[PDB]
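Text of protein.cif, listed as mmCIF, C-alpha atoms and all ligand atoms:
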```cif
data_data
#
loop_
_atom_site.group_PDB
_atom_site.id
_atom_site.type_symbol
_atom_site.label_atom_id
_atom_site.label_comp_id
_atom_site.auth_asym_id
_atom_site.auth_seq_id
_atom_site.Cartn_x
_atom_site.Cartn_y
_atom_site.Cartn_z
ATOM 1 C CA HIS A 32 26.348 -2.335 19.142
ATOM 2 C CA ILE A 33 23.486 -4.714 18.048
ATOM 3 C CA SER A 34 24.669 -7.401 15.591
ATOM 4 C CA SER A 35 23.139 -7.990 12.134
ATOM 5 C CA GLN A 36 22.506 -11.596 13.343
ATOM 6 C CA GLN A 37 20.403 -10.234 16.314
ATOM 7 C CA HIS A 38 18.363 -7.765 14.124
ATOM 8 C CA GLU A 39 17.640 -10.566 11.587
ATOM 9 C CA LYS A 40 16.659 -13.029 14.371
ATOM 10 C CA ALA A 41 14.381 -10.410 16.049
ATOM 11 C CA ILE A 42 12.559 -9.424 12.835
ATOM 12 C CA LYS A 43 12.182 -13.071 11.743
ATOM 13 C CA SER A 44 10.649 -13.794 15.234
ATOM 14 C CA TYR A 45 7.866 -11.170 14.650
ATOM 15 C CA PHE A 46 6.645 -13.101 11.577
ATOM 16 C CA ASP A 47 7.189 -16.486 13.370
ATOM 17 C CA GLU A 48 5.113 -15.394 16.421
ATOM 18 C CA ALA A 49 2.284 -14.220 14.119
ATOM 19 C CA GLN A 50 2.307 -17.837 12.703
ATOM 20 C CA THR A 51 2.668 -16.514 9.129
ATOM 21 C CA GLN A 52 5.315 -16.350 6.349
ATOM 22 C CA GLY A 53 6.549 -12.955 5.257
ATOM 23 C CA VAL A 54 9.166 -10.344 4.422
ATOM 24 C CA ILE A 55 9.819 -6.707 5.218
ATOM 25 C CA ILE A 56 12.039 -4.852 2.741
ATOM 26 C CA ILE A 57 13.584 -1.583 3.939
ATOM 27 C CA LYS A 58 15.375 0.920 1.714
ATOM 28 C CA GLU A 59 18.082 3.272 3.041
ATOM 29 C CA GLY A 60 19.183 5.471 0.154
ATOM 30 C CA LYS A 61 19.775 3.047 -2.736
ATOM 31 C CA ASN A 62 20.386 -0.039 -0.468
ATOM 32 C CA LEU A 63 17.571 -2.610 -0.060
ATOM 33 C CA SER A 64 17.606 -4.758 3.100
ATOM 34 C CA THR A 65 15.397 -7.860 3.255
ATOM 35 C CA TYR A 66 14.204 -9.156 6.671
ATOM 36 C CA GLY A 67 11.606 -11.633 7.939
ATOM 37 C CA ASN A 68 10.980 -15.384 7.975
ATOM 38 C CA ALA A 69 10.431 -16.092 4.217
ATOM 39 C CA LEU A 70 13.093 -14.048 2.356
ATOM 40 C CA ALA A 71 12.327 -15.670 -1.062
ATOM 41 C CA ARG A 72 9.002 -13.706 -1.103
ATOM 42 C CA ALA A 73 11.047 -10.507 -1.949
ATOM 43 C CA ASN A 74 11.002 -11.090 -5.770
ATOM 44 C CA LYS A 75 7.712 -13.046 -6.060
ATOM 45 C CA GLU A 76 4.608 -11.459 -7.669
ATOM 46 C CA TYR A 77 1.340 -10.945 -5.756
ATOM 47 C CA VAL A 78 -1.795 -8.943 -6.456
ATOM 48 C CA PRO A 79 -1.274 -5.384 -5.043
ATOM 49 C CA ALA A 80 -4.854 -5.470 -3.586
ATOM 50 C CA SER A 81 -5.593 -2.131 -1.706
ATOM 51 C CA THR A 82 -1.989 -0.843 -2.068
ATOM 52 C CA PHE A 83 -3.163 -0.040 -5.662
ATOM 53 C CA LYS A 84 -5.325 2.736 -4.054
ATOM 54 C CA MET A 85 -2.129 4.888 -3.995
ATOM 55 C CA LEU A 86 -1.670 4.656 -7.765
ATOM 56 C CA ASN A 87 -5.452 4.707 -8.448
ATOM 57 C CA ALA A 88 -5.632 8.096 -6.553
ATOM 58 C CA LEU A 89 -2.569 9.531 -8.408
ATOM 59 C CA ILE A 90 -4.106 8.553 -11.817
ATOM 60 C CA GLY A 91 -7.557 9.936 -10.894
ATOM 61 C CA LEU A 92 -6.274 13.266 -9.543
ATOM 62 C CA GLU A 93 -3.768 13.798 -12.426
ATOM 63 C CA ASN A 94 -6.441 13.098 -15.071
ATOM 64 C CA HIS A 95 -9.110 15.314 -13.342
ATOM 65 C CA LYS A 96 -11.419 12.353 -12.590
ATOM 66 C CA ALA A 97 -11.794 13.736 -9.019
ATOM 67 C CA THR A 98 -10.695 16.521 -6.635
ATOM 68 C CA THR A 99 -9.374 16.096 -3.053
ATOM 69 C CA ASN A 100 -12.538 17.730 -1.562
ATOM 70 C CA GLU A 101 -15.030 15.849 -3.809
ATOM 71 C CA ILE A 102 -17.531 13.801 -1.771
ATOM 72 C CA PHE A 103 -18.233 10.376 -3.345
ATOM 73 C CA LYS A 104 -21.809 9.614 -2.298
ATOM 74 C CA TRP A 105 -22.769 6.209 -0.859
ATOM 75 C CA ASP A 106 -25.336 4.663 -3.313
ATOM 76 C CA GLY A 107 -27.457 3.356 -0.408
ATOM 77 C CA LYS A 108 -26.644 -0.312 -1.121
ATOM 78 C CA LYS A 109 -25.441 -2.670 1.645
ATOM 79 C CA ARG A 110 -21.629 -2.870 2.046
ATOM 80 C CA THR A 111 -19.418 -5.546 3.655
ATOM 81 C CA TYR A 112 -18.491 -2.961 6.379
ATOM 82 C CA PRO A 113 -20.801 -0.362 8.035
ATOM 83 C CA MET A 114 -18.106 2.366 7.963
ATOM 84 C CA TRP A 115 -18.208 2.154 4.115
ATOM 85 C CA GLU A 116 -21.935 3.000 4.107
ATOM 86 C CA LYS A 117 -21.295 6.736 3.952
ATOM 87 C CA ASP A 118 -20.233 9.627 1.701
ATOM 88 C CA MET A 119 -16.487 10.218 1.598
ATOM 89 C CA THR A 120 -13.564 11.968 -0.073
ATOM 90 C CA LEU A 121 -10.680 10.012 -1.670
ATOM 91 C CA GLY A 122 -8.622 10.715 1.496
ATOM 92 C CA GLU A 123 -11.308 9.300 3.805
ATOM 93 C CA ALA A 124 -11.737 6.300 1.455
ATOM 94 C CA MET A 125 -7.909 5.795 1.571
ATOM 95 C CA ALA A 126 -7.892 5.671 5.456
ATOM 96 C CA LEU A 127 -10.957 3.374 5.531
ATOM 97 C CA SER A 128 -9.646 1.474 2.456
ATOM 98 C CA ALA A 129 -13.227 1.715 1.010
ATOM 99 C CA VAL A 130 -13.102 -0.326 -2.255
ATOM 100 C CA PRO A 131 -16.400 1.051 -3.781
ATOM 101 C CA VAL A 132 -15.020 4.635 -3.912
ATOM 102 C CA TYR A 133 -11.826 3.453 -5.628
ATOM 103 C CA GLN A 134 -13.858 1.240 -8.017
ATOM 104 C CA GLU A 135 -15.893 4.391 -8.912
ATOM 105 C CA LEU A 136 -12.620 6.304 -9.496
ATOM 106 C CA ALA A 137 -11.288 3.413 -11.686
ATOM 107 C CA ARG A 138 -14.572 3.444 -13.718
ATOM 108 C CA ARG A 139 -14.238 7.276 -14.217
ATOM 109 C CA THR A 140 -10.660 6.791 -15.513
ATOM 110 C CA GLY A 141 -11.862 3.949 -17.779
ATOM 111 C CA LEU A 142 -9.968 0.886 -19.117
ATOM 112 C CA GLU A 143 -8.056 2.635 -21.974
ATOM 113 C CA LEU A 144 -6.626 5.486 -19.822
ATOM 114 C CA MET A 145 -6.048 3.193 -16.796
ATOM 115 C CA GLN A 146 -3.958 0.748 -18.908
ATOM 116 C CA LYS A 147 -1.969 3.639 -20.521
ATOM 117 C CA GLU A 148 -1.263 5.179 -17.064
ATOM 118 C CA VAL A 149 -0.365 1.857 -15.373
ATOM 119 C CA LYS A 150 2.040 1.159 -18.323
ATOM 120 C CA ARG A 151 3.423 4.766 -18.147
ATOM 121 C CA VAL A 152 4.298 4.490 -14.413
ATOM 122 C CA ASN A 153 5.539 0.918 -15.033
ATOM 123 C CA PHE A 154 3.752 -0.524 -11.973
ATOM 124 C CA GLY A 155 4.488 -4.235 -11.319
ATOM 125 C CA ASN A 156 3.768 -6.482 -14.326
ATOM 126 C CA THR A 157 1.788 -3.432 -15.788
ATOM 127 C CA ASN A 158 -1.117 -5.763 -16.999
ATOM 128 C CA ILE A 159 -4.681 -4.703 -16.075
ATOM 129 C CA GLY A 160 -6.584 -6.980 -18.514
ATOM 130 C CA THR A 161 -10.199 -6.209 -19.557
ATOM 131 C CA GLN A 162 -11.992 -5.429 -16.209
ATOM 132 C CA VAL A 163 -11.316 -1.825 -15.030
ATOM 133 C CA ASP A 164 -12.931 -2.315 -11.542
ATOM 134 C CA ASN A 165 -11.104 -5.361 -10.076
ATOM 135 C CA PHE A 166 -7.743 -5.904 -11.880
ATOM 136 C CA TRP A 167 -5.747 -4.988 -8.725
ATOM 137 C CA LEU A 168 -7.834 -7.335 -6.517
ATOM 138 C CA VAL A 169 -7.985 -10.657 -8.437
ATOM 139 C CA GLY A 170 -5.365 -10.189 -11.165
ATOM 140 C CA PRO A 171 -3.949 -9.945 -13.819
ATOM 141 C CA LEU A 172 -2.081 -7.036 -12.139
ATOM 142 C CA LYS A 173 0.780 -8.309 -9.949
ATOM 143 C CA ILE A 174 3.790 -6.742 -8.217
ATOM 144 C CA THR A 175 6.732 -7.900 -6.093
ATOM 145 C CA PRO A 176 7.661 -6.573 -2.605
ATOM 146 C CA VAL A 177 10.917 -5.151 -4.159
ATOM 147 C CA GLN A 178 8.760 -3.300 -6.769
ATOM 148 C CA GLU A 179 6.392 -2.066 -3.963
ATOM 149 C CA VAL A 180 9.251 -0.629 -1.809
ATOM 150 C CA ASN A 181 10.686 1.056 -5.018
ATOM 151 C CA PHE A 182 7.218 2.502 -5.756
ATOM 152 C CA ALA A 183 7.046 3.826 -2.108
ATOM 153 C CA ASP A 184 10.575 5.297 -2.579
ATOM 154 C CA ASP A 185 9.489 7.031 -5.834
ATOM 155 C CA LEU A 186 6.321 8.469 -4.233
ATOM 156 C CA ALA A 187 8.163 9.606 -1.054
ATOM 157 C CA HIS A 188 10.680 11.508 -3.247
ATOM 158 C CA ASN A 189 8.124 12.806 -5.847
ATOM 159 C CA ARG A 190 9.893 10.771 -8.573
ATOM 160 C CA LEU A 191 6.726 9.255 -10.097
ATOM 161 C CA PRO A 192 5.671 10.669 -13.531
ATOM 162 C CA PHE A 193 2.908 12.904 -12.108
ATOM 163 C CA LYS A 194 2.709 16.593 -11.123
ATOM 164 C CA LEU A 195 4.383 17.412 -7.758
ATOM 165 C CA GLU A 196 0.923 18.640 -6.536
ATOM 166 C CA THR A 197 -0.696 15.252 -7.494
ATOM 167 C CA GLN A 198 1.960 13.326 -5.486
ATOM 168 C CA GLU A 199 1.684 15.741 -2.492
ATOM 169 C CA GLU A 200 -2.153 15.354 -2.497
ATOM 170 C CA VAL A 201 -1.956 11.517 -2.375
ATOM 171 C CA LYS A 202 0.872 11.547 0.241
ATOM 172 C CA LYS A 203 -1.337 13.682 2.590
ATOM 173 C CA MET A 204 -3.928 10.803 2.423
ATOM 174 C CA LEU A 205 -1.374 8.252 3.646
ATOM 175 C CA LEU A 206 -0.344 9.477 7.158
ATOM 176 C CA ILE A 207 -1.119 6.531 9.494
ATOM 177 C CA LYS A 208 1.120 7.100 12.575
ATOM 178 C CA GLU A 209 3.376 9.591 14.403
ATOM 179 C CA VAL A 210 6.100 8.062 16.674
ATOM 180 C CA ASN A 211 8.356 10.623 18.495
ATOM 181 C CA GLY A 212 9.359 12.995 15.631
ATOM 182 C CA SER A 213 8.903 10.334 12.895
ATOM 183 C CA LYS A 214 5.860 10.220 10.567
ATOM 184 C CA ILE A 215 4.715 6.923 9.040
ATOM 185 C CA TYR A 216 3.003 7.103 5.629
ATOM 186 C CA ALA A 217 1.645 3.786 4.347
ATOM 187 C CA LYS A 218 -1.171 1.836 2.684
ATOM 188 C CA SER A 219 -2.170 -1.670 3.704
ATOM 189 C CA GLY A 220 -3.473 -4.386 1.358
ATOM 190 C CA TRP A 221 -5.291 -7.700 1.845
ATOM 191 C CA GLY A 222 -5.809 -9.881 -1.235
ATOM 192 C CA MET A 223 -9.033 -11.639 -0.150
ATOM 193 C CA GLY A 224 -10.024 -12.696 -3.695
ATOM 194 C CA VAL A 225 -6.877 -14.825 -4.248
ATOM 195 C CA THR A 226 -5.558 -18.109 -2.761
ATOM 196 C CA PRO A 227 -3.333 -17.879 -0.694
ATOM 197 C CA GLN A 228 -4.363 -14.435 0.653
ATOM 198 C CA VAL A 229 -1.604 -11.788 0.513
ATOM 199 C CA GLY A 230 -1.113 -9.084 3.182
ATOM 200 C CA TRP A 231 0.760 -5.807 2.483
ATOM 201 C CA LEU A 232 1.893 -2.647 4.321
ATOM 202 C CA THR A 233 3.834 -0.370 1.966
ATOM 203 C CA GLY A 234 5.063 3.109 2.711
ATOM 204 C CA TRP A 235 7.864 5.151 4.224
ATOM 205 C CA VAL A 236 9.079 6.698 7.453
ATOM 206 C CA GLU A 237 9.712 10.453 7.290
ATOM 207 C CA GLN A 238 12.242 11.128 10.086
ATOM 208 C CA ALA A 239 12.380 14.519 11.950
ATOM 209 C CA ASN A 240 15.553 15.485 9.962
ATOM 210 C CA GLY A 241 13.683 14.976 6.636
ATOM 211 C CA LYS A 242 15.193 11.564 5.707
ATOM 212 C CA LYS A 243 12.689 9.189 4.025
ATOM 213 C CA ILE A 244 12.999 5.431 4.674
ATOM 214 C CA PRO A 245 10.706 3.371 2.385
ATOM 215 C CA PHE A 246 9.475 -0.104 3.363
ATOM 216 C CA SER A 247 7.230 -2.917 2.122
ATOM 217 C CA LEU A 248 5.895 -5.678 4.329
ATOM 218 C CA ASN A 249 4.430 -8.699 2.510
ATOM 219 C CA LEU A 250 3.011 -11.800 4.210
ATOM 220 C CA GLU A 251 0.365 -14.508 3.923
ATOM 221 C CA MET A 252 -2.939 -13.488 5.643
ATOM 222 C CA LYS A 253 -4.398 -16.536 7.458
ATOM 223 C CA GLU A 254 -7.822 -17.530 8.930
ATOM 224 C CA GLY A 255 -9.046 -15.232 11.717
ATOM 225 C CA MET A 256 -5.872 -13.105 11.532
ATOM 226 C CA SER A 257 -6.287 -9.437 12.542
ATOM 227 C CA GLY A 258 -5.389 -6.752 9.964
ATOM 228 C CA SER A 259 -3.387 -4.941 12.714
ATOM 229 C CA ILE A 260 -0.685 -7.707 12.688
ATOM 230 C CA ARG A 261 0.742 -6.054 9.498
ATOM 231 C CA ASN A 262 1.061 -2.723 11.395
ATOM 232 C CA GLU A 263 2.389 -4.462 14.567
ATOM 233 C CA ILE A 264 5.129 -6.400 12.688
ATOM 234 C CA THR A 265 6.088 -3.266 10.679
ATOM 235 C CA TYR A 266 6.354 -0.971 13.735
ATOM 236 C CA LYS A 267 8.329 -3.605 15.736
ATOM 237 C CA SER A 268 10.704 -4.141 12.758
ATOM 238 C CA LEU A 269 11.260 -0.356 12.222
ATOM 239 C CA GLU A 270 11.755 0.167 15.998
ATOM 240 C CA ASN A 271 14.214 -2.811 16.198
ATOM 241 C CA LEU A 272 16.373 -1.232 13.439
ATOM 242 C CA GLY A 273 16.201 2.219 15.098
ATOM 243 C CA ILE A 274 14.241 3.752 12.136
ATOM 244 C CA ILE A 275 11.549 4.918 14.642
HETATM 245 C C1 LIG B 1 -7.659 -3.983 0.134
HETATM 246 O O1 LIG B 1 -6.747 -4.790 -0.047
HETATM 247 N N1 LIG B 1 -8.919 -4.359 0.454
HETATM 248 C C2 LIG B 1 -9.993 -3.372 0.784
HETATM 249 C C3 LIG B 1 -10.337 -3.505 2.262
HETATM 250 N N2 LIG B 1 -9.314 -2.864 3.101
HETATM 251 O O2 LIG B 1 -8.271 -3.838 3.364
HETATM 252 S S1 LIG B 1 -6.774 -3.209 3.828
HETATM 253 O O3 LIG B 1 -6.986 -2.384 4.983
HETATM 254 O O4 LIG B 1 -5.946 -4.349 4.071
HETATM 255 O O5 LIG B 1 -6.423 -2.479 2.656
HETATM 256 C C4 LIG B 1 -10.525 -4.958 2.660
HETATM 257 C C5 LIG B 1 -11.281 -5.144 3.943
HETATM 258 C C6 LIG B 1 -10.067 -5.975 1.936
HETATM 259 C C7 LIG B 1 -9.278 -5.783 0.657
HETATM 260 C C8 LIG B 1 -10.036 -6.338 -0.589
HETATM 261 N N3 LIG B 1 -9.453 -7.346 -1.216
HETATM 262 O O6 LIG B 1 -11.095 -5.834 -0.967
HETATM 263 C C1 LIG B 2 -11.532 -3.084 10.659
HETATM 264 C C2 LIG B 2 -11.759 -2.367 9.357
HETATM 265 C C3 LIG B 2 -10.829 -1.623 8.761
HETATM 266 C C4 LIG B 2 -11.147 -0.931 7.462
HETATM 267 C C5 LIG B 2 -10.204 -1.361 6.309
HETATM 268 N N1 LIG B 2 -8.938 -0.993 6.451
HETATM 269 O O1 LIG B 2 -10.609 -2.016 5.347
HETATM 270 N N2 LIG B 2 -12.550 -1.072 7.292
HETATM 271 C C6 LIG B 2 -13.005 -2.449 7.369
HETATM 272 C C7 LIG B 2 -13.176 -2.580 8.872
HETATM 273 N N3 LIG B 2 -13.935 -1.278 8.952
HETATM 274 O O2 LIG B 2 -14.825 -0.765 9.944
HETATM 275 S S1 LIG B 2 -16.256 -1.565 10.125
HETATM 276 O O3 LIG B 2 -17.141 -0.827 9.322
HETATM 277 O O4 LIG B 2 -16.562 -1.178 11.592
HETATM 278 O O5 LIG B 2 -16.130 -2.969 10.106
HETATM 279 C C8 LIG B 2 -13.600 -0.421 7.871
HETATM 280 O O6 LIG B 2 -13.879 0.753 7.733
#
```
Re-express the file's structure as structure tokens.
Amino acid sequence: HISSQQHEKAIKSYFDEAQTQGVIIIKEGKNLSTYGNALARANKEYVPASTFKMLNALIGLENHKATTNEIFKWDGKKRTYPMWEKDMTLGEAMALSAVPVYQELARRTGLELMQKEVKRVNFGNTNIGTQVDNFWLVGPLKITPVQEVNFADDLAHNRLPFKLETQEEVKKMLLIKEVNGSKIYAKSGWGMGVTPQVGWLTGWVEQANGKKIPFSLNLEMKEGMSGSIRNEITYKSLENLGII
């Protein structure tokens, strides 16, 4: 009974109230629906930032650069965040979004193999340049929100060019929330090394019946903004549309 006009107004209001500019793209089957307060962001390129952890993990696991139980030791050097000053698996580093572990994984893969794999999966603009440890954080690698929701759709359905086991292993690392009978799998991103700063939340909802609904939220992260606003806008948008 709720009008399209009302759903669009409600979702736009979530971005407006957060005093930011953003989009949330939802995919139902092959149909992409764009919502939010800055719809033109849908086909614009931004650094993937920490959302690249999903592809970094797939590449690393497929090419035997790590195992899912392997403990990446903390080197003992000071980190930006105290929770990163510990030993962790790829899964733990995914949940904590610990950059040093994923920079170690990128270094193990190496520039030549990383570029070949990024080109093979056809991720975003597919350019990683000459620095294997920061290309997803400060460029040249860029991707659009439409490309991110299509990547999430491919991963959710095991359509990426990796072993089924590799995709299942990475998907297990991405469970962030359980609402009723729905499971939310996603990875956030915050491009802190670029101006303006981009904020992402890309993933999918696995409904009780087995249906997978991919999504990609993309917005501008502003001064003193909490990371949780990406999760709050996403959950409110998915709940408004009856996805959760
Ligand atoms: C990812 O974009 N990162 C790593 C880390 N986690 O942020 S996230 O939860 O939004 O992924 C962070 C604090 C910032 C950011 C970065 N550019 O290093
Ligand atoms: C809020 C945090 C979330 C998380 C992330 N998603 O990047 N990071 C950074 C900070 N945090 O915990 S801290 O060590 O207590 O700051 C940590 O593990």
Near stretch 141-154 of chain A, within 7 Å and counting only C-alpha atoms, which residues show up once chain neighbours fewer than 2 positions away are dropped, as a PyMOL selection string?
chain A and resi 90+137-139+156-157+159+163+191-192
Keeping only C-alpha atoms, write the selected residues to a file as a PDB file, keeping the file's coordinate frame.
```
ATOM      1  CA  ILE A  90      -4.106   8.553 -11.817  1.00  0.00           C
ATOM      2  CA  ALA A 137     -11.288   3.413 -11.686  1.00  0.00           C
ATOM      3  CA  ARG A 138     -14.572   3.444 -13.718  1.00  0.00           C
ATOM      4  CA  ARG A 139     -14.238   7.276 -14.217  1.00  0.00           C
ATOM      5  CA  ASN A 156       3.768  -6.482 -14.326  1.00  0.00           C
ATOM      6  CA  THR A 157       1.788  -3.432 -15.788  1.00  0.00           C
ATOM      7  CA  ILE A 159      -4.681  -4.703 -16.075  1.00  0.00           C
ATOM      8  CA  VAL A 163     -11.316  -1.825 -15.030  1.00  0.00           C
ATOM      9  CA  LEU A 191       6.726   9.255 -10.097  1.00  0.00           C
ATOM     10  CA  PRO A 192       5.671  10.669 -13.531  1.00  0.00           C
TER      11      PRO A 192
END
```
Can you list, as a VMD selection string, the residues that the PyMOL selection byres (((chain A and resi 231) around 10) and not hetatm) selects here?
chain A and resid 53 to 55 77 to 82 176 179 217 to 222 229 to 230 232 to 234 247 to 252 258 261 to 262
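For the pair atom CA of residue A:70 and atom CA of residue A:50, the separation is 15.4 Å.
Checking A:100, A:69, A:203, A:256 one by one against residue A:47, counting all atoms listed in the file, you find the shortest gap at A:69.
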Listed atoms of ligand LIG 2 (chain B) boxed axis-aligned with 5 Å per side, centre + edges as lines of an AutoDock Vina configuration file:
```
center_x = -13.0
center_y = -1.2
center_z = 8.5
size_x = 18.2
size_y = 13.8
size_z = 16.2
```
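Counting all atoms listed in the file, the residue from A:202, A:46, A:36, A:178 that sits nearest to residue A:268 is A:46.
Residues of protein, DNA or RNA having any atom at most 8 Å from ligand LIG 2 (chain B), counting only C-alpha atoms and all ligand atoms, are residues 111, 112, 113, 114, 115, 126, 127, 128, 129, 219 and 258 of chain A.
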